[PDB]
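# A closer look at the structure
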Amino acid sequence: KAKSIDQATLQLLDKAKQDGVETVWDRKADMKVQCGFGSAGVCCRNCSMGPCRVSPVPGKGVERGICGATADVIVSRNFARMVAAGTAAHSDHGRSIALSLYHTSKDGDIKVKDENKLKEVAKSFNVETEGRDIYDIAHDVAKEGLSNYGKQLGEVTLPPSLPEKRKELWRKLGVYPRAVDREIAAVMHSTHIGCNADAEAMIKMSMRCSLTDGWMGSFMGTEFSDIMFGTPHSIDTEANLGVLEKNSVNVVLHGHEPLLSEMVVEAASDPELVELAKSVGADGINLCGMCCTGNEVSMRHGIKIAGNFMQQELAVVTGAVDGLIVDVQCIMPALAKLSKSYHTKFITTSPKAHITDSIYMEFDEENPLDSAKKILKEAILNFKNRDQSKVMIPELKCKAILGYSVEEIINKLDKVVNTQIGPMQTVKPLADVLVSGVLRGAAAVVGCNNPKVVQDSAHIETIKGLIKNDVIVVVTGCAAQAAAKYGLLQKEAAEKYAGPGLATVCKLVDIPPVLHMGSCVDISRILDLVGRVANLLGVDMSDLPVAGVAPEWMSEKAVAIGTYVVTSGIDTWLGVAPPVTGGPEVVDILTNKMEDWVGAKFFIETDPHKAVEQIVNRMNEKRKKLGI
Amino acid sequence: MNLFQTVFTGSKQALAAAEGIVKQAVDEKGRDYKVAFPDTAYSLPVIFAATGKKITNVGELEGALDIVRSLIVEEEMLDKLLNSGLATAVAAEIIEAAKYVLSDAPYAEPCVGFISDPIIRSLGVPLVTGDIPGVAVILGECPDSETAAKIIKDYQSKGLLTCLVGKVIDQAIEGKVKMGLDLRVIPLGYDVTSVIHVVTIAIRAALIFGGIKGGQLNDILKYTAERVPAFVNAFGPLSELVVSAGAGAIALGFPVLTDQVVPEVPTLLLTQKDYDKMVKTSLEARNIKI
Ligand code: SF4
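Residues numbered from 1 in each chain as written, not as in the entry; some residues may be left out. Chains lettered and ligands numbered in written order. Part of a larger assembly, values for the part shown. Heavy atoms only, no water.

Chain B goes by CO-methylating acetyl-CoA synthase in the PDB entry, where it is assigned to Clostridium autoethanogenum DSM 10061.

Per the PDB entry, chain A goes by Carbon monoxide dehydrogenase/acetyl-CoA synthase beta subunit and derives from Clostridium autoethanogenum DSM 10061.

Here is the structure:
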């Protein structure tokens, strides 16, 4: 099987073979046939009476663990713990953002750059704004956001875009969210030996936990990031490994937390550091981003995107990365080993993510700019250790357009609003094109890479099929970066891949057929958008012809995302089977009974063409239900 | 019934009416009997633009229903909707041709029916010059004669060439609107199919001024969209046939504005209840400068 559809990826894999270094593909091959029990989710290790493995085939072999737990119980608890872990990752990201908001000041390193956005958020949090200092408002907003994480009395605060009907449905179902850390703790408590042994209740607890990610953690992280670093607008950038410069210092930012990458971008324009880069013999400083931190700095500043998850190692294989600065999440620990074969400084900066044999330079949030300058100076000084004979940068990079926040999308939609009719600054043109049938629907393509799928193949095939069927596509994360590398994030792509209705819409609004809405936490934006559409049409989000796809997901964060997208009322297709096939009841809940609960359900489909067909059929049947 | 289904239903009704009237013409006059429009050089302009074929006898008119049949594909995608609008336009043209071959004088005053080529050439000079900054196709009935007269005279005072289809003709007559080719208020006919008589004005504008040869349908549609500043104001309740004819106008690149609740399409299908702002809304939608 081919390892990737990306030519630059293939060239660097040949180079890695020539250099005698191992990749994620090599380790996947070394793992050989993976354990069937773990793959089906019928293995349990929740107590030291175990490990227990029960048969993935009902009626044969061992039926219960030592405590008496069935295959359905073991599967449901394993799934719930994946959701809890994903929720924890996203919530910790949002908590750091809220703490940064709490420390903003007029003369400090972290300021308020979008005051209108802050005032709207303050309105959503019942924070007074009129005749008040902007930083007093910011601190009050940060306090309310922080209380969302750990309040023990009262109800949490949810964005106004969330329909009232969806909230009432959640309350009736018993999944209405509480404080984020409280829900994570509840899931961890109920999976403990001898607690919850009922699959339906376990799945409902996991949905309840995932809601605190989708609508509170990721949402607050995104909106506070907009407040502090600016709301994204349409902006040009370049993507894929070709963005590395042979004659410049190459600094690659990998990870998820945006404050460090924002401070590194600011430090790169420091005159002393630019002079130092010139003095070490480089033309300048070339900042490139990877994964979600790359998505953030690219959405807000046009920083070039070096690559997505399964390309991170190959970035080092070029031999041109002088510094690789990582914060947390989706940072392959093998990088520490791999950087030994090159001059690269692999720099960890977060106390949450220590990696053995990496260079640890703790990013100081109290003095973010000075700390970022010190880290960047280490990367720049490493340019003297470059071995130019080992350098091979593929001449493969692609132009991309991104920055499509909900605000930017609304601004673009204002173009097709007749001034004599109005209203302006709404999602009404999008609702109109969806209701009329010019657009069949909207689909979110999100998720990681996975060695089980030819890298980027499923993302590209799913996106092309959807836009060919007049389904407008919004992309986040590594899927968005796969689209960027391929060339879908271009206005020209409208006439090259889209169907007639979507091509007309793209021409009228002057947008690409695929809209890059940011990082994984920025999936909250997608929720926001859908909610607005629903609130404009007076229906629940489960009545709309919308869907989400995770063609190549790998992370626990992806599991939590799919769970809260389904719980919000949006059908979700998974291109990688989750470890639930061992529990028939869990499969039936996720793919059949969920529709009775929240009006949406999971679809497991490993063939992208079949997934596109199923998405189109499901959207059409929801349209016929809605009468459009 | 959604927009696509409404357009498909309208196109099927137009096809049924065309089949009935063609059967009547075949029964009364014979398949060798001549089929023509008064003083034109492009036979039936819509069929000539779509295929390049000139319809000369009744048998060929009966064979032209296959064009309407092949232009109706009931799949909910935008291209099929535009093709279905074009099917309605072809069916309306066939109905008008059958009217002309059945009756010696199908239209009486003030209705003018078909517009001859010399009138098109006369209007071409003020069209490109800018003395005619647009073509207002008014179809249906306004709630009052006063509002219809007000809108029509507002268009007239701005130099636009306004064409009238339906009961709006009677409302304008009650409103003391002075009509004629020099007064730029042209009543086409009381039936919806009479709207084709302004559609052929645009089509022949591509045939005469644009120089596009017959059968180059995409070139004709591009020319009408980028050169002919026409728009539709549909007043009063809209049947499926009216919506299908509006889909044809959209296929020609002409935006359709109405006072009725319809599934809106930005820049193409717009609802404007306020009759005091309909003229400005149409001028903005068609990008017309006075
Ligand atoms: S919780 Fe039950 S099934 Fe799991 S390891 Fe312990 S005894 Fe075995």
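## So, the overall build of chain B
The helix and strand inventory of chain B stands at 12 helices and 6 strands. The C-alpha radius of gyration computed for chain B amounts to 18 Å, which stays within 12% of the reference 19 Å derived for 290 residues, consistent with globular compactness. Looking at the 290 residues of chain B, the share that counts as buried comes to 58%. By sequence separation, contacts in chain B at least 24 residues apart represent 71% of the contacts at least 6 residues apart. Accessible area of chain B: about 11300 Å², with a carbon and sulfur share of 54%. Charge-centre separation for chain B: the mean point of 27 positive side chains lies 5 Å from the mean point of 34 negative side chains. (Helix = DSSP H or I, 4+ residues; strand = E, 2+ residues; numbered from the N terminus. Rg over C-alpha atoms; globule rule 2.2 N^0.38 Å. Buried < 20%, exposed > 50% of the residue type's maximum accessible area, 1.4 Å probe, protein only. Contact = heavy atoms within 4.5 Å. Areas by Shrake-Rupley, 256 points an atom, 1.4 Å probe, with all protein chains shown as cover. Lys, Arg positive; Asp, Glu negative; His and termini not counted. Charge placed at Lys NZ, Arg CZ, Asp CG, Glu CD.)

## Quick look at helix α25 (residues 608-626) of chain A
Residue and element names in this part refer to chain A. Taking 1.5 Å of rise per residue, the 19 residues of α25 would be expected to cover 27 Å, and the 27 Å separating its terminal C-alpha atoms lies within 8% of that figure. Those residues of α25 that fall on the buried side of the exposure criterion are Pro608, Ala611, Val612, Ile615, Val616, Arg618, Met619, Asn620, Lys622 and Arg623. Sitting at the amino-terminal end of α25 is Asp607, which places a side-chain oxygen 3.2 Å from the backbone nitrogen of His609. Two residues or fewer after α25 comes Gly627, characterised by a positive phi angle close to 85°. (Expected span 1.5 Å × (residues − 1). Polar contact = N/O pair within 3.5 Å; in protein donor to acceptor, adjacent residues only side chain to side chain.)

## Looking at the packing of aromatic side chains
All told, the structure shown has 12 aromatic pairs over all chains when counted by the stated rule. Taking 6.2 Å as the distance between ring centres and 35° as the angle between the ring planes, the aromatic pair formed by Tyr100 of chain B and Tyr107 of chain B counts as tilted. We classify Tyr107 of chain B as buried; its relative accessible area is 18%. Ring plane angle 50° and centroid distance 5.4 Å describe the contact between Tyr155 of chain B and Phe231 of chain B, whose orientation is recorded as tilted. Taken together, the positions of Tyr155 of chain B in helix α7 (residues 145-157) and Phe231 of chain B in strand β4 (residues 230-235) put the pair 76 residues apart, joining distant regions of the chain. An aromatic cluster of three or more residues is present, and its members are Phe37, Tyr100, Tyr107 and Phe114 of chain B. A cation over an aromatic ring shows up here: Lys204 of chain A above the ring of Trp597 of chain A, its NZ or CZ 4.6 Å from the ring centre. Against the face of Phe4 of chain B rests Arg440 of chain A, its NZ or CZ located 5.6 Å from the ring centre. (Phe/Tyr/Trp six-rings, centres within 6.5 Å; stacked < 30°, edge-to-face > 60°. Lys NZ or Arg CZ within 6 Å of the ring centre and 35° of its normal.)

## A word on the sheet that holds strand β6 (residues 269-271) of chain B
Hydrogen bonds between backbone atoms are what pair the strands of a sheet, whose relative direction is either parallel or antiparallel. Residue and element names in this part refer to chain B. Spatially, the 6 strands line up as an open sheet ordered β3-β2-β1-β4-β5-β6, and their pairing is parallel. Every interior strand has two partners, whereas the edge strands, β3 (185-189) and β6, have only one. Sheet twist, expressed as the average angle between the axes of neighbouring strands with direction ignored, equals 20°. Sheet topology places strand β2 (residues 161-165) next to β3; 4 bridges connect them, and they run parallel. Directly across from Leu164, in β3, lies its bridge partner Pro187. Along the sheet, α7 makes contact with β1 (135-140), β2, β3 and β4, crossing β1 at roughly 170°. (Pairing = 2+ DSSP bridges. Axes fitted to C-alpha atoms, helices over the stretch in contact; angles between N-to-C directions.)

## Considering the interface of chain B and chain A
Each partner contributes to the interface: chain B provides 20 residues, whereas chain A provides 23 residues. With both chains or domains summed, chain B and chain A bury close to 1800 Å², and 60% of this area falls on carbon and sulfur atoms. For the pair chain B and chain A, the interface holds 2 salt bridges. For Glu264 of chain B, the salt bridge goes to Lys428 of chain A, with nearest N and O atoms at 3.8 Å. Among the elements of the structure, α1 (3-29), α5 (78-102), β6 and α12 (278-285) of chain B are those that each provide at least two residues to the side of chain B that touches chain A. Among the elements that line the side of chain B that touches chain A, the one with the most residues is α12 of chain B, at 4 residues. Residues of the side of chain B that touches chain A, tallied by class, amount to 9 nonpolar, 5 polar and 6 charged. (Buried area = accessible area lost by both parts, 1.4 Å probe. Salt bridge = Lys/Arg side-chain N within 4 Å of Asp/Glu carboxyl O. Nonpolar A, V, L, I, M, F, W, Y, C, P; charged D, E, K, R; others polar.)

## Some remarks on a negative patch on the surface
A contiguous patch of negative charge on the surface is contributed by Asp109, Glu266, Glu362, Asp364, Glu365, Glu366 and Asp370 of chain A. Mapping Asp109 of chain A onto the fold places it in the loop between α4 (71-102) and α5 (115-124). (Patch = residues over 30% accessible without salt bridge, like charges linked within 9 Å, V, L, I, M, F, W, Y side chains within 5 Å.)

## Focus: the pattern of salt bridges
All names here are of chain A. Applying the stated criterion across every chain, the model contains 54 salt bridges over all chains. Here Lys117 ties to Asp226 by a salt bridge, and the two come within 3.3 Å at their closest N and O atoms. With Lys117 in helix α5 and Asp226 in helix α9 (residues 199-229), the pair connects residues that are 109 residues apart, well separated along the chain. Take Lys117 and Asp226: they sit in the same class, and that class is buried. One salt bridge connects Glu595 with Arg618, and the closest N-O pair in it is separated by 3.3 Å. Of this pair, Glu595 sits in helix α24 (residues 584-598) while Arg618 sits in helix α25, placing them 23 residues apart in sequence. Given the relative accessible area of 28%, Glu595 is considered partly exposed. The buried category is assigned to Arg618, whose relative accessible area is 10%. Among the charged side chains, a salt-bridge network with shared partners connects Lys117, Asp226, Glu296, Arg300, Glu407, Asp522 and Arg525.

## Quick look at the nonpolar core
Among the nonpolar cores identified, the biggest contains 289 residues, and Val141 and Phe224 of chain A together with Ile94 of chain B are the most heavily contacted of them. Counting contributing residues per domain, this core is built from domain 1 (3-102) and domain 2 (117-286) of chain B, each supplying no fewer than three. Once residues within four sequence positions are removed from consideration, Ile94 of chain B is found in contact with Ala18, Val22, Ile47, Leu61, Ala64, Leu65 and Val68 of chain B. Ranked by size, the runner-up nonpolar core spans 37 residues in total, among them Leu12, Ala16, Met310 and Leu324 of chain A. (Core = buried A, V, L, I, M, F, W, Y, C linked by side-chain atoms within 4.5 Å. Domains from an automatic or database assignment.)

## Some points on the pairing of strand β15 (residues 571-574) of chain A
Residues and elements named next belong to chain A. By the alternation rule, side chains of β15 split into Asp571 and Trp573 and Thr572 and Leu574, which are all buried. Relative to β15, strand β14 (residues 546-550) runs parallel, the two being bridged by 4 bridges. Paired with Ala550 across the bridge in β15 is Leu574. For the crossover from β14 across helix α23 (residues 556-567) to β15, the handedness is right-handed. Note that β15 and strand β16 (residues 602-604) share 3 bridges and pair parallel. What sits directly across from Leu574, in β16, is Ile604. (Right-handed = clockwise from strand over helix to strand, strands pointing away.)

## Comments concerning the pairing of β3 of chain B
Taken residue by residue, a regular strand's side chains alternate between the two faces of the sheet. Of all 5 residues making up β3 of chain B, 5 are buried, and the element is well covered by its neighbours. Taken together, β2 of chain B, helix α8 (residues 168-174) of chain B and β3 of chain B form a β-α-β motif whose crossover is right-handed.

## Observations regarding the environment of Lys273 of chain B
Residue and element names in this part refer to chain B. Examined against the element boundaries, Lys273 turns out to sit in the loop between β6 and α12. With residues near it in sequence (within four places) discarded, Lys273 still touches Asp259, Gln260 and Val261. Looking at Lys273, its side chain comes within polar contact range of the main-chain oxygen of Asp259, at 3.1 Å.

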